[PDB]
Every structure is written in structure tokens, then in C-alpha cells.
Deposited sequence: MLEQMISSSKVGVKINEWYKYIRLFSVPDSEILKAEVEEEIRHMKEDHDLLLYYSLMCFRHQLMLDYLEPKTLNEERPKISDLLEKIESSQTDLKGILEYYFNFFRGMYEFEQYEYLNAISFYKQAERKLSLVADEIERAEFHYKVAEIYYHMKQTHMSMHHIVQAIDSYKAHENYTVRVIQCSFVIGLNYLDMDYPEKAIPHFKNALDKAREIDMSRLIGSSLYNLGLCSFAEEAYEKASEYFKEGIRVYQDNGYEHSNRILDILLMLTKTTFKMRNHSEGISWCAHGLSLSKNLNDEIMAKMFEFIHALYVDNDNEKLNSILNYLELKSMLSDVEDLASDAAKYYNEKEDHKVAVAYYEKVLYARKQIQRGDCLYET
């Protein structure tokens, strides 16, 4: 078993390097070795965990569109061997499960898993593997708008990654997290260099997904600066990048469509805003993303028919999904809309919701 265990370690190394050809080679090698040794319950779980992690990489690089996804059968195979776990295998189990939960918008489960992984971090001698942990922990803290916690882990990650060679993908992703934390501190001019750096690296390694994401993150800065026409240009080109290189069905394209929709209404192009909102809504429904659909439903209910009962119900829903930053962003949109319309009694209510969300966020 040490021989097969080394191979699975090698496999994981290539996954972290985003070298799909090597990962597939190692995957096929491991499966050949398994078919002969075939006598080790832990080695098999490590195998199923790496299968899991490998698919996570593939789903990020090529999103697959009726059939039970490969990720679900692997997750089932992995959740049957939870008793008597120990050592680094236990760290992997909780870390990989945390990653999966994060991809399903199961934020509380994800922190729960990550925190269990954190306890065994002194078991992880590999500095690059610890960087993976810190990067992924920083990411979820950013999505929870735990800015200081997020920066605390992200700096640890990027130093490790920047100390090695060929972790370019993760270095871009760390630049995303750093920049986005500055944006959450109201420093869009501090965020832009990080995203411009990422965009340049994303173009050098010709990774369309990261190119489209850099343009989106830049569009978010212009939006914050109220440079709405420039934000709109960034959002459109990012959408085009995604749509032209096989990511037209990536759930994360919905973020760019959402912000373009908001942007179009901010420029008072009412009809175009509805058009974008409806396209984003339809795609959300076709990608079976309930959470994204709700956000498109909110913007439409805000700018089109002023359905405040529906706005309130959506804000409550996102809070139950532990997505307080979106509660804050969406309540802020409604507050500012009703303020401009001089419906100040309604604007007050949404400002109170913005204040409530910020307090929930600060409560940690």
C-alpha cells in the first residue's frame, strides 16, 4: 500500500497544479494499482477522496450539463466510510467535504467542515497543501464578508504559492480574494491593481474562466465607483469570455449577468434592464440555481413592479441561506431606489434592513 499511497499523493499534487493531463494519467495509474492490491479500507477511502477532489477540478475547468452527476456517486461512496477516521486522511475528508459544501452554497456546513480540517493542520507538512487550506478558508470568509478573517488566511496562502513555481492559477485566485476584500472595505482603487494583475496573468496562461472573472471583478470596482458605463463594459466582455469558451452554463456566469442587470437599471435603461434580468432569470432556472434565481427575482420586483412583500421574502430567504452580504447589497439597492423615488418611508425600511445585515455580519 505505500506504493499506491505515493501515487495518490502525486495525483493530488497535479490536481493542485491544475495539470489535467497529469492528473488523468495518475488517476488511471491508481485505478490500475487498486485492481490488484485490493485489500485496504483506508487506501480505498483516500482513493475515493482523490476521485472526489479530481472531479472538483474537472467541474471547475469544464462544467458538465439530466444524468446523476459523477460528483454525487463519489460523495455517496465517500460518506459510507466515516467511522474510525484519523490522521491526514481525516483532514482530507473534512477539507474536501468542506469544498464540496461550499460549491453547493451550503455555507454553514462548509465552515463546519473547514474548522474540523483546521484542527489537524499541524499534520500537514506540505506548505503548498496548507496554502490550499488557507486559500479555501479565505474564500468562504470573503463570501461571508468576514474581511479580516479572510485577509488573515489569504496572505498566508499567497506567500506560500508565490514562493513556488507554477501555482499561477491559485496566485490569480488569491489576487481575486485580496482585491475583493479591499472592495468590501470601500477601497475600489486599492482593489483594481490586484484584479489588473490577475487579468494579465489570466491572459498569459490563456485561461478564459479566469479572464472572464477578472473582468467581472473589475466591473465590480467601476460599479462601486458609479462608473456604470465602464462597469457595464466589463460585465459584458466577461460574459462574452465565458460564453465563447465553454462556460455559458457555469453557474458563476449568473453573477456577471446579475451585476450587468443592476448596472443597466442604474443607467436608467429600463427596457434593457428587464431584458437582461429575464435572461439571467431564465438561465438561473435552467441551471437549477434557486439562489441566483431569487436575486434576479429581487431586482425585477424592485425596479419593475415594486413588489416589496416579495423583496422582503427574498431578503429573509437569503438570510436563511447565511448569505448576509447579498442581503446587504440587495437591501441597499432597494433603499437607494426608494430614496431616489422620494418614497422615504419605504427607503427607511430597507436602510434598517441594511443596518440589520451589517450587524449580523459583524456578529461573526
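Trainee: What stretches of this chain's deposited sequence are missing C-alpha coordinates?
Mentor: Going by the record, the segments left unmodelled (no C-alpha atoms) fall at 1 to 7, 73 to 74, 374 to 379.
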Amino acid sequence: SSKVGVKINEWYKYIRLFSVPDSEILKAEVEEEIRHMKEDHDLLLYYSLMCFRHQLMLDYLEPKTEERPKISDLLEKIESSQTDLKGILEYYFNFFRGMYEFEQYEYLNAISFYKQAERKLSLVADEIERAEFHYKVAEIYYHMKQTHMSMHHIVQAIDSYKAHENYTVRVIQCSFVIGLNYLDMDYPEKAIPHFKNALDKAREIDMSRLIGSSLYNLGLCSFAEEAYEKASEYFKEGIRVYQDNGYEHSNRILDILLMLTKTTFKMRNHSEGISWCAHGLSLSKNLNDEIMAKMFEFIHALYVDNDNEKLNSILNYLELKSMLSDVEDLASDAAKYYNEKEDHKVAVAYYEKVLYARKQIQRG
From here on, numbers count along this sequence of modelled residues.
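Trainee: In at least a third of the other entries we lined up, does residue 63 end up with no coordinates?
Mentor: Per the records, residue 63 is modelled in all the other entries.
Trainee: Quick check on residue 39: across the other compared entries (only those modelling residues on both sides), is it unmodelled in a third or more?
Mentor: Residue 39: unmodelled in at least a third of the other compared entries.
Trainee: Hey, which bit's got the bigger mean C-alpha B factor in the entry, 282 to 290 or 70 to 78?
Mentor: Between 70 to 78 and 282 to 290, it is 70 to 78 that shows the higher mean C-alpha B-factor.
Trainee: According to the deposited model, is the average Cα temperature factor higher in 81 to 89 or in 97 to 105?
Mentor: The entry gives the higher C-alpha B-factor average to 81 to 89.
Trainee: By the CA temperature factor listed in this entry, which of these ranks top: 322, 55, 332, 316?
Mentor: Going by the entry's C-alpha B-factors, 55 comes out highest.
Trainee: If you compare 243, 217, 150, 175, which has the highest Cα B-factor in the entry?
Mentor: Most elevated C-alpha B-factor of the set, per the entry: 243.
Trainee: Looking at the C-alpha B-factor of residue 163, is it in the lowest, middle or highest third of its chain?
Mentor: According to the entry, residue 163 has a C-alpha B-factor in the chain's highest third.
Trainee: Name the third of the chain's ranked CA B-factors that contains residue 297, choosing lowest, middle or highest.
Mentor: Ranked within chain, residue 297 CA B lands in the lowest tercile.
Trainee: Taking the C-alpha B-factors as the PDB entry records them, is residue 360 in the lowest, middle or highest third of its chain?
Mentor: Its C-alpha B-factor, which the entry lists for residue 360, ranks in the lowest third among residues of this chain.
Trainee: Select lowest, middle or highest to describe the third in which the CA B-factor of residue 205 falls within its chain in this entry.
Mentor: Answer is highest: the recorded C-alpha B-factor places it there.
Trainee: Is the Cα B-factor recorded for residue 312 in the lowest, middle or highest third of its chain?
Mentor: Lowest third - that is where residue 312 ends up once the chain's C-alpha B-factors are sorted.
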